[PDB]
There are 2 protein chains.
Amino acid sequence: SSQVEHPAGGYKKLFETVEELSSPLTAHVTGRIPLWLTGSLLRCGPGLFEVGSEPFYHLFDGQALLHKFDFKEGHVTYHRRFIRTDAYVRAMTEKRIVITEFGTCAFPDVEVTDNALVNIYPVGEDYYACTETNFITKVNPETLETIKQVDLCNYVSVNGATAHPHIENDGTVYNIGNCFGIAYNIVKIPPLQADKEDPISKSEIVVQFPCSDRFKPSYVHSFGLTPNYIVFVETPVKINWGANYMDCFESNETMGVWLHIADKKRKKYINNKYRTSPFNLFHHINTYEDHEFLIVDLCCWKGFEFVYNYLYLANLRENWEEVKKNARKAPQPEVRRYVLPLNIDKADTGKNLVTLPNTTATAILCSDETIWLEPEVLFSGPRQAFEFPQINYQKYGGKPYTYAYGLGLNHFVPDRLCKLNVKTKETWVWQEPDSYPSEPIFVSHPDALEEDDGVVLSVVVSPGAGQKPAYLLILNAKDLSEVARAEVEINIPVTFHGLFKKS
Amino acid sequence: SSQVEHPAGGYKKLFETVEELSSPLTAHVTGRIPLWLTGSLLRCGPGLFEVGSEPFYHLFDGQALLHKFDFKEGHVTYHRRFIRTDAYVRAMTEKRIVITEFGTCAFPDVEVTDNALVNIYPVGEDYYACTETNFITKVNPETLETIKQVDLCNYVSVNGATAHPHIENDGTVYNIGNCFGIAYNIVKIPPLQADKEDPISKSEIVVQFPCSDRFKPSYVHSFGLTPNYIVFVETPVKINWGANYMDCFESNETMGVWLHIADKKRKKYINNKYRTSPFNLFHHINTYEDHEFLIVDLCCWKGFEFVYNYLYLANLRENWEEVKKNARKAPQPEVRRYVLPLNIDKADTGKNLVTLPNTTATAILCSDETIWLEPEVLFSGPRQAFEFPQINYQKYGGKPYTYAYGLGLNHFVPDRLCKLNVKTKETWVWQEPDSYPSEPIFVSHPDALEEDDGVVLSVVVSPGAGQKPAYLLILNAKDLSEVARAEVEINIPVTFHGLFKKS
Ligand SMILES: CNCC[C@@H](O)c1cccc(OCC2CCCCC2)c1
Ligand SMILES: CNCC[C@@H](O)c1cccc(OCC2CCCCC2)c1
Ligand SMILES: CCCCCCCCCCCCCCCC(=O)O
Ligand SMILES: CCCCCCCCCCCCCCCC(=O)O
Ligand SMILES: [Fe+2]
Ligand SMILES: [Fe+2]
C-alpha cells in the first residue's frame, strides 16, 4: 500500500501535453548504472491531450508518444517522438480532432482509431506500437520514426486485438480479439523464417472461444498462456449520432465471470464451465501448470461497473481530496489467484476439486457441471491497486514462479512501485513524496541464478519545485533498493506499457 | 498457520472415552498464575464415545462432559462430571444407545437429544449446558451436578436454538432458532428481576427472519449482535426408517449465501437482499457498526458441501497421512470481513456502496435490488482454519475492535492457538509438538487499558510418552507467550466451548 497523500497535486503533470524532441537529450546519472544493462527501454503513452482548443476527454485518447531511454557506454539518453498515425497526422493537417478516440467523439468538418498509445511489441525483427483496434503501427526502435500502418483485418478474422500479446521464446506471438462466429479468436504469428517474408502475412486463427451473449462480446484486455494452455477470462463488461467507444460499454449484472481454457497444441476449446463472482480484469500477472491444474494470477477489480468510467482526464486532474472522493464507489482492486482443475471427475460433484497442498483457492463441481471458483487473495489494500504487473517473463512466463512487480495506484494515482511474493504474500515498496512512477519493467541479470536477479526500470515524474521534472529509476529487483537514477530536464507524461530491448 | 505434522497420531486421544471424577484433582502448576485470575473455566465436550459395544459415529454424538478448572488461593483444581441428561441416564440404565444423536441412530429395544455437549452459558443467576435442540440443561457451576432439563418449546416458538447465544452486559440473552411461519425466530431472555422469577419464563420472540426456501430452513450455528442490529447469515446447508440428524442435511447449489439484518430496538426485519457466494459458517467472530455500515467478521468455509461430513470419529481417528488426504476435497477455511450498507440510495445502482476508507470489502447494488457482497480476507491458510474464535467479549462484543483469538485446525486437527489483528492481518501463534489445544477463552485484566490486556485459557492434550497427558495453558494475550501451565495426570477429551466465571 501507499504511505502518502498528494495535496500538492503534482500527478496532474502526468496528463499534460509535451513536445517531442529533435534528437536525444543526455540524462544526468546519479549512482552506478549496471555494466550489463545495455539496450533500450521503449514505452508508449498519450503525449498530446488537446488539438488546439479541442480537448481529449479520456486517459486513453491523447495522441501516442513513443519514448526511449537508451543505455550505451554507461551514458543514458532520453528521446521521444509522436507516432505518425492517421489520427495524429490528420489532426496536425486539419488542426482539429479528426479521428474519434476511445472517449472523445470527433465531429465532421467508422474510421477506427490507430492511436497506438498503449504498448509496443516485437514481431519477427520488427516492432509494433499498438492500441486495441485492428490497426498496429510498425516503428523504428532506434530512431522512433513511424514506418507503416498495418491492418490485421487484411490477414486474419478479428475486429481488433489486445495490446497484450504473449510472446514465446522463439518469437511466436499469440493474441486474442473479438470476431464473428460473436466469438473470440486466438491469433498466432510465427517467428521469422529463412524465407524472410513478413511473419504477419503468415498469421492464422488457431482456436476460438465462445461468447456468453449472442450479440455482446466482453471487453478483453489480456489473456493467459502456458506451454500447453490458453486461458481467457470473460468479464461482465460488455460491448453493445455522435458516439465514442466508451458509450458502447455496459455491465451485465447477472453473468459474473466466465473462465475459459483451450488446449494450445491440439487447438481445442475445452468445455469446462468455470464460473465465479463479478470483477473487471485488465492484466493477467502469470499463468502456469501445476499437476492437473492451471494457476491463474490476476489483477482484479471487485465489481461489474467499468473501471474506465473513473479515468476521464477531468477527474484525474482534480485536487487530491476530490480524487479520493471520486474513487469512493469504484470497484476495489485485489490480486487474486484462481485454480482451474483440468481433470474433473463427475463422482466429485458437490466437492472442492482443488487438491493442491499450498493454496486456499477452491473449485466446486455443481450438478449442472458449472465449476464455481473462489480465489486465494494475494494482495488487497483499500483503493491501493497492485497494477501494471510485470514478472521475469523470459524465464518464468507461463511457468511456476514466485515474484511479481507492479505499479501501486492510490485512488487511481500511481505513487509507488511494489514487489509481491505470490507464495508468501510478502510485499516490498519503493516510494518518494510527490513522485509518480510508471509500470516497472524487469530486466534479468545475464548470469541470473534466481528469479529476481536483475533490476526494474520505471519512468518517474517528480514535479516538485526544486526538482528535475522526471527521471529513469533503476531499482534492484531483490529488495527495490535504488541502484541509479537518470534525470532529465523536461516533463514526461503518463506511459502505460513497454519493453526492454537488449543490445 | 501450523508448523507441524502429527505422524505419532496423538490427536486420537481427543476422541477417547474418559471417566468422570468423584471430586477435584489438584493440578501441578508451572509458572506464576496471575493473582487476579480467580474463578472457574467451564467447558463442554463429548466424554463417552461408545455405550458398551455400541459406537457413537460422529464428533457431536459422544455424551456431554462438563469440565472445570478452578483458580482459588493460587492453587488450581480440575474436575469433570458427565451431565445427567435423558440421553446419558437412559443409556446408563439400559446399557445401550437409547436416544438418537446427531450422527448415530438408536435402534429400539421423535425423542430429541438433550446431549448438551457443546456450550454452557448464564441465564439470570443460573448456568445452562446446551446443544442445538429445544433441550438445555441447568447445571451447578460449583459442583458440576445436573439440576434440571428445560424445554424451550414450553416458553417460546422455536424448534431449537443455537449453542451460541449473545449476552448483553445487563445479562439479557439473545438467541436464534428455526420455527414455523418456515422462519427463524430471535429469542430474548431478560435479566433477573427483583421479583426473582426465572427469566426463562419471560422469554419472547422479538423478531423473525424469512427463509429462502418454503420448506427447508438453513442450518444456523451462530449470529451477529450489535447495540442496534441483529445479523443472520443464511447458508446453503439446508435441513430437509432409521435416520439421524446428519441424514437430513443437503446442500442448495444455486442460492449462495443470503445475509439478513434486523433493527434490534425497533424489532423490525430490514428488507435488504444481501447476497454472496456459497460458504459454510459456524462461528461469527464479532459484528459492529461503523457509520452507515455493519462490519461482519466470519470464520468461513469456502464451498457448499457440509463441513460436518468430514467430522466422523472414524475419519478423525485415522493416521496422519490419511487425515490429510481425507481433507483434500473439503471446503477451505478462511476468515472474511463482509461490510453491509444500511443507507442504500437507488441512484447508486450498479456501483460499490462501501465508501469506508479502511476496507476492500464491496457491496454492489443491482437493478433487481440485490446487494452483491465481496469480502475482505483477514486470514487464509491451506487447510489451516482459524476457528473457535474468541474476543474480549465483555468490552468489545458488538463494538469496534482489533483482536481475535482462535483455535488453529490443521486438516481439522487442533494443533495451535492463534491471535489475529483484524485491522493489520498480523498473526501470532503458540504451538508445541504433539499438543492439541482447545478453543482459547479471553479473560480481561481487571485494570485493562488496552483490548488485549489479559490472558487466554486453553485446555491442551499432550499425549507424548514421557508427558503429563493434559494441562490448562495460560498465555499472555499480548503475544501468546506462556505465563503458566496446570498439569493433570489424566486424559481430557475434546471440548468445544465454555466460559470463564469470575468470582
Ligand atoms: C488501455 N487502452 C484501453 C482503450 C484503448 O486501447 C482503445 C482505444 C480505442 C478503441 C478501443 O477499442 C477497440 C475495439 C475493442 C473491441 C473490438 C473492436 C475494437 C480501445
Ligand atoms: C456443534 N454441535 C453441532 C451438532 C449438534 O449440536 C446437534 C445435535 C443434535 C441435533 C442437532 O440439531 C438440532 C436441530 C437443529 C435444527 C432445528 C431442530 C433441531 C444438532
Ligand atoms: C501511470 C499509469 C497509469 C495511471 C493512471 C491510470 C490508472 C489505470 C488503472 C486501471 C487499470 C489499467 C487499465 C489500462 C491498462 C492499459 O493501459 O493497458
Ligand atoms: C478441539 C475442537 C474440535 C476439533 C475437531 C473438530 C474440528 C471442528 C471444525 C469445524 C468448525 C466447528 C463447527 C462446530 C463448532 C461447535 O462445536 O460449536
Ligand atoms: Fe494494459
Ligand atoms: Fe460452535
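No Cβ is skipped: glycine too gets one built from the backbone with ideal geometry, and neighbour counts run over all protein chains shown. Only the coordinates and a few stated rules stand behind these numbers; no lab work does.
Summed over segment A:329-357, residues that are within 10 Å of another protein chain (Cβ to nearest Cβ), over 16 Å from residue A:372 (Cβ atoms) and in contact with a strand residue (DSSP E or B) (Cβ under 8 Å, 6 or more places away or on another chain) total 7. Residues that are surrounded by fewer than 19 Cβ atoms within 10 Å (Cβ to Cβ) and within 7 Å of chain B (Cβ to nearest Cβ) within segment A:358-381 comprise A:358, A:366, A:367, listed in sequence order. For segment B:115-146, taking the residues that are in a strand (DSSP E or B) and β-branched (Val, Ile, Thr), the one that is nearest to ligand 6 (Cβ to nearest atom) is identified as B:120.
One line per residue, one yes/no per condition, for (1) crowded, with 20+ Cβ neighbours inside 10 Å; (2) over 25 Å from residue B:100 (Cβ atoms); (3) hydrophobic (A, V, I, L, M, F, W, C):
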position	(1), (2), (3)
B:179	yes, no, yes
B:201	no, yes, no
B:232	yes, yes, yes
B:240	no, no, no
B:245	yes, no, no
B:248	no, no, yes
B:253	no, yes, no
B:258	yes, yes, yes
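Residues in segment A:425-445 that are in contact with a helix residue (DSSP H, G or I) (Cβ under 6 Å, 6 or more places away or on another chain) and buried (at least 23 other Cβ atoms within 10 Å of the Cβ): A:436 only. In segment B:59-87, which residue that is over 21 Å from residue B:502 (Cα atoms) and away from ligand 4 (no atom under 16 Å from the Cβ) is farthest from the other protein chains (Cβ to nearest Cβ)? Looking at the filtered set, the residue picked out is B:84. Could you please find all residues in segment A:407-438 being within 16 Å of ligand 1 (Cβ to nearest atom) and in contact with an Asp or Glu (Cβ under 9 Å, 6 or more places away or on another chain)? Result: A:407, A:409, A:414. For segment B:101-131, taking the residues that are among the charged types (D, E, K, R) and closer than 17 Å to residue B:88 by Cβ, the one that is nearest to ligand 4 (Cβ to nearest atom) is identified as B:101. Checked against the criterion of being under 19 Å from residue B:302 (Cβ atoms) and of a type in the set (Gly, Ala, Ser), segment B:230-243 has no qualifying residue.
One line per residue, one yes/no per condition, for (1) of a type in the set (S, T, N, Q); (2) touching an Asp or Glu at 6+ places or on another chain (Cβ under 9 Å):
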| site | (1), (2) |
| --- | --- |
| A:252 | yes, yes |
| A:263 | no, no |
| A:285 | no, yes |
| A:290 | no, no |
| A:293 | no, no |
| A:316 | no, no |
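Collect the residues in segment A:147-166 that are in a strand (DSSP E or B) and among the aliphatic types (A, V, I, L, M), keeping them in residue-number order. Residues satisfying the conditions are A:147, A:150.
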